[PDB]
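Engineer: Before anything else, here's the structure in question.
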Amino acid sequence: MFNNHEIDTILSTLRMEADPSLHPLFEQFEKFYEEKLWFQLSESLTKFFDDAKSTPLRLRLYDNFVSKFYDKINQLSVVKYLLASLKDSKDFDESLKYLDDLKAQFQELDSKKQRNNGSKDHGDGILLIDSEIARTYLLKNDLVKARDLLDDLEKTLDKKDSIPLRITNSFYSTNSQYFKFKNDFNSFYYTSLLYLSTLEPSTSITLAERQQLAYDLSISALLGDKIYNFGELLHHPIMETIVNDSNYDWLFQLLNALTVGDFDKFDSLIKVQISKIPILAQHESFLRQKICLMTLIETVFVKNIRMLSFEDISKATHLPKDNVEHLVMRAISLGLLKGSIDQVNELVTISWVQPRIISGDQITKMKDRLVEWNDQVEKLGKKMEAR
Amino acid sequence: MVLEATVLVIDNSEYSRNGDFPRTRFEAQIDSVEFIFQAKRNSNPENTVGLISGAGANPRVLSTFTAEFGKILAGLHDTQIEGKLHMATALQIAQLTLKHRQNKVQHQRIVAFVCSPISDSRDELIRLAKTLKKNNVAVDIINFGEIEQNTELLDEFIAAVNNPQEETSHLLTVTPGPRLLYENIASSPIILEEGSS
């Protein structure tokens with residue numbers, strides 16, 4: 001369209017006093033090909049609105065044209081394009097040449113201080129290119145060369161940082177696909193959780209990237225035995241950002257399946273295209289053991305008695321007594337519980353560890369507890385003044 | 001001209017980060033501070049010039065009143081060029097800055113460069129102009145390309161503080177014609193009748 005010769009012309013006339021980079025012949029090739037609204041390459045404010053939706057693939061020649069930007073502005077958004085924008089095109093072959101041309105603090109560092117790499121929009125590539133080289137070898141070569149470049153990124157982020165979150169976006173982006181191929185789903189959920197915190201403010205806030213990110217949380221939160229099971233899903237608005245159809249339905253039905261505890265629901269909820277992984281085969285029985293164990297704690301609790309028994313645990317989880325002293329013992333060793341189980345006298349003494357976040361029922365109950373404590377101290381305090 | 005205190009405000013917003021001046025105007029605005037500093041410093045041997053950047057970084061105090069440009073230039077390179085220009089909270093904190101001077105008999109003057117239209121409401125500027133008028137606060141407004149893509153939001157602020165040129169309420173507009181940086185303020189009543197230009 002004419003937005004190249006209209007928006008960019010007004011901003012180059014009233015604002016820009018001189019136009020070294022504005023030429024009619026250079027911008028003529030832009031309108032000659034794509035006549036629609038979305039363009040390929042641009043400058044001034046127009047280039048920020050453009051995205052990869054049209055897949056221009058012209059940014060290789062756009063980087064060579066940055067030499068003309070030096071007479072206009074410094075180097076800011078040059079890092080946002082090229083190596084940072086090639087992730088949508090998914091080309092690991094020709095992208096290797098631009099990795100060795102820039103590197104860190106060679107062509108990007110002359111008169112300008114550190115903008116903190118390629119985090120968002122403006123910046124000069126320092127730690128971003130080194131992070132993408134590890135990502136380049138992540139989807140092509142093994143993970144040995146990828147982790148070697150991530151060691152200097154973790155030490156630098158913890159050393160030099162700022163109040164907001166910028167570098168963490170590019171830092172957790174490589175770790176998002178790094179732990180996906182691994183067998184650890186507990187650290188994979190913690191990585192995608194902090195990466196989602198930076199997705200809402202900026203960096204492709206459209207629902208296209210939100211539905212793709214939810215596929216990582218749905219697998220990690222289900223297999224993750226660390227923090228509850230579904231507890232973290234109801235707090236943060238995760239499921240609220242996606243739809244209920246196109247294989248997203250099994251995430252919403254997981255709430256009622258874990259709450260009720262019916263074993264027959266898990267068979268029809270997870271088909272053979274998912275449960276075929278050996279990870280879930282071991283975690284198939286780990287979902288109902290943790291929820292029913294924490295449920296019996298609040299049920300038997302009256303005042304000082306948290307004590308349980310074997311019949312309460314065996315009838316709840318439908319498990320034999322041989323697994324009562326085993327599966328529950330594994331959760332105790334992970335820091336979920338303190339007290340142990342007595343096999344001789346048939347008594348189960350469990351202490352209190354889990355803070356039980358998001359309750360709301362005990363708030364009205366603990367209100368009278370503070371009044372009872374305040375009355376006993378005040379009653380004994382008045383006797384201290386008399387005698 | 002006479003002994004007075006000048007508070008300078010730099011504009012850093014999305015328009016300053018985009019294409020503005022071929023020299024990277026954010027670096028040229030640093031030279032724009034040097035242009036008015038050398039003019040006011042050569043006028044009187046003792047002068048107080050402050051620096052406050054309230055655009056996109058939230059209201060802050062960088063450097064206090066000083067007669068040297070050494071600490072003024074070094075603090076501008078560590079600022080941020082992103083954000084939005086807010087003149088509502090920038091002008092209110094500048095009134096208390098005027099009390100930082102030694103002798104209270106000095107003339108209170110505020111010189112602010114506005115290169116982008118503000119998104120803040122104009123209701124706070126009405127009660128602010130009436131307060132600055134009682135204390136005789138010289139208002140210097142430099143608008144660069146603001147009257148083209150948007151109307152004047154500071155016009156209501158100038159209308160309430162409106163006074164003859166012998167006291168305060170000086171409204172200026174940058175000429176759209178291309179010219180040198182230090183020449184834009186030369187014809188305007190800013191560095192006129194000073195030590196240098």
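Letters A, B, ... go to the chains of the structure tokens in the order shown; residues in each chain start at 1; ligands are counted from 1 in the same order.
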Counting only C-alpha atoms, a student should be able to say which residues of chain B come within 7 Å of chain A; what is the right answer, written as a list in words?
Structural biologist: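 Therefore, the residues near the partner are residues 18, 19, 20, 21, 22, 23, 24, 145, 176 and 178 of chain B.
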Engineer: Need to verify the contact set: residue A:306, 10 Å, only C-alpha atoms, exclusion of same-chain residues closer than 6 positions in sequence. Can you return it as a ChimeraX atom specification?
Structural biologist: /A:296-300,339,348-352
Engineer: Selection from above, C-alpha atoms, as a tab-separated table (two decimals), in the first residue's frame, can you write it?
Structural biologist:
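Result saved to selection.tsv:
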```
chain	number	residue	atom	x	y	z
A	296	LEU	CA	-7.19	-36.91	55.32
A	297	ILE	CA	-5.03	-34.40	57.21
A	298	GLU	CA	-7.70	-31.70	57.37
A	299	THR	CA	-10.51	-34.23	57.92
A	300	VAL	CA	-9.21	-35.89	61.09
A	339	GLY	CA	5.83	-37.45	61.02
A	348	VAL	CA	-0.12	-42.97	61.83
A	349	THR	CA	1.30	-39.77	63.36
A	350	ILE	CA	1.69	-37.00	60.77
A	351	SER	CA	2.96	-33.51	61.58
A	352	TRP	CA	2.00	-30.28	59.79
```
Engineer: What's around residue B:196 at 8 Å? Count only C-alpha atoms, leave out sequence neighbours fewer than 2 positions away in its own chain, and write the answer as a PDB file with C-alpha atoms, in the first residue's frame.
Structural biologist:
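As written to disk, result.pdb reads:
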```pdb
ATOM      1  CA  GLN B  38      27.255  28.072  28.219  1.00  0.00           C
ATOM      2  CA  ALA B  39      24.950  31.042  27.586  1.00  0.00           C
ATOM      3  CA  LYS B  40      23.752  31.350  31.191  1.00  0.00           C
ATOM      4  CA  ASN B  42      28.915  33.349  30.785  1.00  0.00           C
ATOM      5  CA  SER B  43      26.255  35.893  31.804  1.00  0.00           C
ATOM      6  CA  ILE B 191      19.681  32.748  25.034  1.00  0.00           C
ATOM      7  CA  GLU B 194      23.244  36.461  27.404  1.00  0.00           C
TER       8      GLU B 194
END
```
Engineer: Within 12 Å of residue B:7, counting only C-alpha atoms, which residues qualify if same-chain residues fewer than 3 places away don't, as a ChimeraX atom specification?
Structural biologist: /B:4,10,33,36-37,40,47-53,61-66,90-91,93-101,107-113,137-141
Engineer: For the residues in that selection, give me C-alpha atoms as a JSON list (two decimals), in the first residue's frame.
Structural biologist:
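Once written, result-v3.json looks like this:
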```json
[["chain", "number", "residue", "atom", "x", "y", "z"],
["B", 4, "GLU", "CA", 18.11, 33.50, 38.19],
["B", 10, "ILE", "CA", 14.90, 16.45, 29.00],
["B", 33, "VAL", "CA", 21.70, 21.51, 27.37],
["B", 36, "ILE", "CA", 21.84, 27.02, 27.17],
["B", 37, "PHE", "CA", 24.39, 26.21, 29.90],
["B", 40, "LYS", "CA", 23.75, 31.35, 31.19],
["B", 47, "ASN", "CA", 24.60, 30.58, 38.47],
["B", 48, "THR", "CA", 22.48, 27.62, 39.57],
["B", 49, "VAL", "CA", 21.25, 25.16, 36.93],
["B", 50, "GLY", "CA", 19.40, 21.98, 37.85],
["B", 51, "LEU", "CA", 18.66, 18.78, 35.94],
["B", 52, "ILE", "CA", 15.43, 16.77, 36.27],
["B", 53, "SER", "CA", 14.36, 13.95, 33.93],
["B", 61, "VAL", "CA", 16.22, 14.01, 40.69],
["B", 62, "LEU", "CA", 19.47, 13.47, 38.78],
["B", 63, "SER", "CA", 21.76, 16.37, 39.72],
["B", 64, "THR", "CA", 21.19, 19.44, 41.88],
["B", 65, "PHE", "CA", 22.10, 23.04, 41.06],
["B", 66, "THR", "CA", 25.76, 23.34, 40.06],
["B", 90, "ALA", "CA", 7.55, 16.76, 36.18],
["B", 91, "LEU", "CA", 6.45, 20.38, 36.67],
["B", 93, "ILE", "CA", 8.35, 18.44, 41.51],
["B", 94, "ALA", "CA", 10.20, 21.35, 39.87],
["B", 95, "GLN", "CA", 8.43, 23.89, 42.10],
["B", 96, "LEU", "CA", 9.97, 22.37, 45.24],
["B", 97, "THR", "CA", 13.30, 22.24, 43.37],
["B", 98, "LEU", "CA", 13.24, 26.04, 43.09],
["B", 99, "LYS", "CA", 13.66, 26.23, 46.88],
["B", 100, "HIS", "CA", 17.03, 24.44, 46.62],
["B", 101, "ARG", "CA", 18.75, 27.73, 45.72],
["B", 107, "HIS", "CA", 14.22, 34.72, 39.95],
["B", 108, "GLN", "CA", 12.49, 31.36, 39.58],
["B", 109, "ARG", "CA", 12.64, 30.06, 36.00],
["B", 110, "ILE", "CA", 11.82, 26.66, 34.49],
["B", 111, "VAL", "CA", 12.95, 25.77, 30.96],
["B", 112, "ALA", "CA", 11.41, 22.54, 29.63],
["B", 113, "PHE", "CA", 11.78, 21.02, 26.16],
["B", 137, "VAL", "CA", 7.74, 31.42, 38.29],
["B", 138, "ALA", "CA", 9.06, 32.00, 34.78],
["B", 139, "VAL", "CA", 7.57, 29.38, 32.45],
["B", 140, "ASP", "CA", 9.54, 28.50, 29.30],
["B", 141, "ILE", "CA", 7.82, 25.99, 27.00]]
```
Engineer: Can you work out the spacing between atom CA of residue B:14 and atom CA of residue B:119 in Å, to one decimal?
Structural biologist: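 Separation of atom CA of residue B:14 and atom CA of residue B:119: 12.1 Å.
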Engineer: Between B:76, B:114, B:26, B:82, which residue has the minimum interatomic distance to residue A:121, considering only C-alpha atoms?
Structural biologist: B:82
Engineer: When you look at residue A:104 with a cut-off of 8 Å (counting only C-alpha atoms), what residues show up, excluding the ones that are within fewer than 5 positions of it in the same chain? I need them as a PyMOL selection string.
Structural biologist: chain A and resi 125-127+129-130
Engineer: Take the residues that were just selected and, keeping N, CA, C and O atoms, output them as a PDB file, in the first residue's frame.
Structural biologist:
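Output (selection_28.pdb):
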```pdb
ATOM      1  N   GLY A 125      23.378  -6.697  20.403  1.00  0.00           N
ATOM      2  CA  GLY A 125      23.507  -8.112  20.695  1.00  0.00           C
ATOM      3  C   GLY A 125      24.791  -8.413  21.442  1.00  0.00           C
ATOM      4  O   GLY A 125      25.892  -8.139  20.934  1.00  0.00           O
ATOM      5  N   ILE A 126      24.673  -8.981  22.641  1.00  0.00           N
ATOM      6  CA  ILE A 126      25.825  -9.426  23.416  1.00  0.00           C
ATOM      7  C   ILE A 126      25.558 -10.841  23.908  1.00  0.00           C
ATOM      8  O   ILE A 126      26.205 -11.798  23.468  1.00  0.00           O
ATOM      9  N   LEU A 127      24.600 -10.979  24.825  1.00  0.00           N
ATOM     10  CA  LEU A 127      24.220 -12.276  25.364  1.00  0.00           C
ATOM     11  C   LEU A 127      23.098 -12.946  24.584  1.00  0.00           C
ATOM     12  O   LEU A 127      22.829 -14.131  24.813  1.00  0.00           O
ATOM     13  N   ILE A 129      22.900 -13.323  21.085  1.00  0.00           N
ATOM     14  CA  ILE A 129      23.471 -14.162  20.037  1.00  0.00           C
ATOM     15  C   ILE A 129      24.080 -15.421  20.638  1.00  0.00           C
ATOM     16  O   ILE A 129      23.911 -16.526  20.106  1.00  0.00           O
ATOM     17  N   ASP A 130      24.786 -15.281  21.762  1.00  0.00           N
ATOM     18  CA  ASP A 130      25.350 -16.448  22.431  1.00  0.00           C
ATOM     19  C   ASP A 130      24.262 -17.376  22.957  1.00  0.00           C
ATOM     20  O   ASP A 130      24.487 -18.585  23.082  1.00  0.00           O
TER      21      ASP A 130
END
```
Engineer: For residue B:159, find every residue with an atom within 10 Å (counting only C-alpha atoms), except residues of its own chain fewer than 3 positions away, and show them as a list in words.
Structural biologist: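 The residues satisfying every condition are residues 126, 129, 130, 154, 155, 156, 162, 163 and 169 of chain B.
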Engineer: Could you write out, as a PyMOL selection string, all the residues of chain B that DSSP marks as alpha helix (DSSP H)?
Structural biologist: chain B and resi 14-17+25-41+70-76+88-97+123-134+146-149+155-160+181-187
Engineer: Give me, as a PDB file with N, CA and C atoms, in the first residue's frame, all polymer residues having an atom no more than 9 Å from stretch 265-267 of chain A, counting only C-alpha atoms and skipping those fewer than 5 positions away in the same chain.
Structural biologist:
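around_22.pdb, written as the output of this step:
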```pdb
ATOM      1  N   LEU A 254      -9.460 -32.201  33.942  1.00  0.00           N
ATOM      2  CA  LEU A 254      -8.509 -32.711  34.923  1.00  0.00           C
ATOM      3  C   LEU A 254      -8.842 -32.227  36.329  1.00  0.00           C
ATOM      4  N   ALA A 257     -11.446 -34.576  37.734  1.00  0.00           N
ATOM      5  CA  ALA A 257     -10.904 -35.925  37.856  1.00  0.00           C
ATOM      6  C   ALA A 257     -10.010 -36.055  39.083  1.00  0.00           C
ATOM      7  N   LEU A 258      -9.211 -35.025  39.370  1.00  0.00           N
ATOM      8  CA  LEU A 258      -8.333 -35.064  40.535  1.00  0.00           C
ATOM      9  C   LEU A 258      -9.080 -34.769  41.828  1.00  0.00           C
ATOM     10  N   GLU A 284       0.965 -42.358  36.997  1.00  0.00           N
ATOM     11  CA  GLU A 284      -0.468 -42.631  36.940  1.00  0.00           C
ATOM     12  C   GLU A 284      -1.046 -42.835  38.335  1.00  0.00           C
TER      13      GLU A 284
END
```
Engineer: Would you compute the distance between atom CA of residue A:312 and atom CA of residue A:226? Give it in Å to one decimal.
Structural biologist: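 Separation of atom CA of residue A:312 and atom CA of residue A:226: 24.1 Å.
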Engineer: Using only C-alpha atoms, which residue out of B:123, B:104, B:73, B:197 lies closest to residue B:135?
Structural biologist: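 Distance minimum relative to residue B:135 lands on B:104.
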